[PDB]
């Protein structure tokens, strides 16, 4: 139950990821063999729930690619449920301030370090109580990544970076650009400056910067600035664009 993604971040090894929105355990397996370091199972903007997360975790399990799950909100009940099905790395949307970051962290930890509900006999997370001393080992292998998605969050970043248990800070360029007045479109100097400044500041605190970016040149730029978990494409996009380009080549 060692969290190898968490360990790679702490060691400064950049992790290249693919976003999964196809909400299918079958395509998840197909993509798990493609060579990524991590895969993001999106519970916020794709039609997933705890049960489909579970089947995608099962599909991914024998492969080297490490799963990360995005809950629909920073909701301790939903987080509890995701952790019991075996989630160990969470990408939490819309974290606006340090109090919210701390709540995300505490939702992942058993008392006294947090408020995670205890239900080990029933949980894939403990392999139904086969993992010895699960209750004592679990807190240390949880990896909490928080998303900053607004001007308010950018302003609070220093305080967020000070929250123990926040392992990574992810910048969401679509939401951030929208909040900044550019309608979800991030290729604007002001948006890029905000993104790049944050990446530097995050890395300077010893924490991992993350981002999703489908432009490969920008992905490399962010990596050069110190980003450590970078998602470089989206399954639905890869499929739709490849199919459309193919059809067009035949008229």
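Numbering follows the first chain given and starts at 1.
- Mean CA temperature factor is higher for 151-159 when stretches 79-87 and 151-159 are set side by side in the entry.
- 190-198 and 57-65 differ in mean CA B-factor, and the higher of the two is recorded for 190-198.
- Annotation for 101, 145, 142, 131: 131 ranks highest, by Cα B-factor.
- Placement of the Cα temperature factor of residue 120 within the chain: highest third of the modelled residues, per the deposited record.
- When the CA B factors of the chain's modelled residues are split into thirds, the value for residue 71 lands in the lowest one.
- Per the PDB record, residue ranking by Cα B-factor puts residue 138 in the middle third of the chain.
- Residue 214 sits in the highest third of its chain by CA B factor, as recorded in the PDB entry.
- Per-chain ranking of the deposited C-alpha B factor places residue 95 in the lowest third.
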